[PDB]
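Okay, so here's just one chain, in structure tokens, the form deposited in one PDB entry.
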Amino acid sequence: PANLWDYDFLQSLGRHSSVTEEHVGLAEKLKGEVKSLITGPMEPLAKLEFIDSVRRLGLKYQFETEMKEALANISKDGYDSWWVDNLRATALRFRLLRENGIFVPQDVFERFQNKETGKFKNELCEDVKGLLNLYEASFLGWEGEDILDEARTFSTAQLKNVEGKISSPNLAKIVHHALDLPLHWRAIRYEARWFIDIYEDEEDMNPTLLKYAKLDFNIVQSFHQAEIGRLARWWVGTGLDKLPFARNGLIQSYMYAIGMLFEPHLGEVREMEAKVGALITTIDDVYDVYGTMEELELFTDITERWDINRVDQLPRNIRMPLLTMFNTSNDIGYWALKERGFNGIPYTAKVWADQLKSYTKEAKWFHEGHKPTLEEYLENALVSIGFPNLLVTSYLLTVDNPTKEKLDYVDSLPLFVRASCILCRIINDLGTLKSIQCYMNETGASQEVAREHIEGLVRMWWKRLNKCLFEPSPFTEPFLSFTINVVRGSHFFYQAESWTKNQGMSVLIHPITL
């Protein structure tokens, strides 16, 4: 029986599947037909809505070139009367163009403002799809784009007020889902599973796209199940499943990794990221449990020196996580040597050393009654959250022509990656001494005021990421998406056990009925 907490079940995954070669040949056929629909003749707003649907169904990885081509064709040609003075069209166009690297100025929304008060016009307050498109579009903004901040607050207020009054149950579901999290902040694979059901009930539903979305979801899922089986057998082989740390650490870590990257061709990378995540949770718990004890000083020193010669001084429940961290980091660095020509061990060793040092510092503060400022706290806590480790590892494993200089640069945590790491930390803190209490102690602010200031920090760092994606960068495709998608993973998982089990069951275990 399916049991996400049962390592016998998890080690069994991948041996048998609903692959059904017929399904594979059928999906290639339907994929060609969907390609034709994306490039073919269509009304312009309807074409934007079709492309947005393909994205929301988790299928953008299959149609990158067609979507970019159709969007360039839209963004260039002639007439604009198909969206000018149409809030719904204007906002969907702004969002999709900006999502695909085509700049659109915020001034495109000025005609919807009162021209004297900066406030959006009251006659839009019941335009449900226009409000919804304006809401989703506002999250593609940059710092200093004040119209889009006003658009966010206005559209949120009005969607909240209109939510209970929407006649279409499906449109009401879409509005409620958006108010929980905008599409820009949602993890791709989890959103795809939700939106397949939603799309089936849309009035503009294209049955070929729906059938392809279901087939492709099931095929990708079979890949994920084989990965889970391998990872479960690894984990049980470490013995860390029997130690009193990180209760569901392996499968939770794999669910987070699925947030970071889901595509089948990144399987090996995803498995390694899952390994690191599992170890991160376990060792986080280790440093929590032994918080003051000198055992942790030896743990940290062994890791800083990357030298296990003194490891038998540690008790077994600490020695086993340490040696599994050591051996796995050596395996991952060796994979880089074997596959990419570059020994990654010095980098996996370093990010782990940094990580434990971050834990040590947090512990120090807690033990000495220290109250750090917000910036101080965050400078340590963007490391302790674990994403410098996970992201630097993903770069090592995917960058082309890896060199010491590229790895040193990413490991320095420049703006783009730093912003992702800070975001993950702040989102974790909002969902759980941390960001809110630190800001309180720094300014005396209310808990409500402090939470609002931290939510504003989330919005601000997202604006910085948005702008980074338009600006020259040493970073290339896989990693750019990794850096955004770990944040999306954080939003989705830090929004009880029933919910997590439900997400894992519906996304990883149960195929979609065809």
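Shifts are known only where both forms have a C-alpha. Heads up: residue numbers just count along the shown sequence, starting at 1. For the two forms, the rigid core is made up of the largest set of C-alpha atoms that agree within 1.5 Å on superposition.
We do not show the form solved in complex with a small molecule, though everything after this point is about it.
For the marked spot (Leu37, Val54 and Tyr212), a heavy atom within 4.5 Å of the small molecule in the deposited complex is absent from each of the three residues. This chain appears without its partner; in the deposited complex, the one residue of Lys115, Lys404, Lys76, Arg247 with a heavy atom within 4.5 Å of the small molecule is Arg247. A heavy atom within 4.5 Å of the small molecule in the deposited complex is found for exactly one of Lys350, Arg95, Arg425, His184: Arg425.
Annotated contact segment (heavy atom within 4.5 Å of the small molecule in the deposited complex): 386-394, selected among 67-75, 101-109, 386-394, 317-325.
Contact check for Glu200: every heavy atom lies farther than 4.5 Å from the small molecule in the deposited complex. At a distance threshold of 4.5 angstroms between non-hydrogen atoms, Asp400 is out of contact with the small molecule in the deposited complex. In the deposited complex, the small molecule sits beyond 4.5 Å of every heavy atom of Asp204. Taking non-hydrogen atoms only, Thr300 never approaches the small molecule to within 4.5 angstroms in the deposited complex. When the two forms are superposed on their rigid core between this form and the one not shown, the C-alpha shift of 2 Å or more among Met293, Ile308, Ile345, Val236 belongs solely to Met293. For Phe245, a C-alpha deviation of 2 angstroms or more is recorded between this form and the one not shown after rigid-core alignment. Remark: 245-248, 289-293 are the runs between this form and the one not shown in which three or more consecutive shared residues have Cα displacements of 2 Å or more on core superposition.
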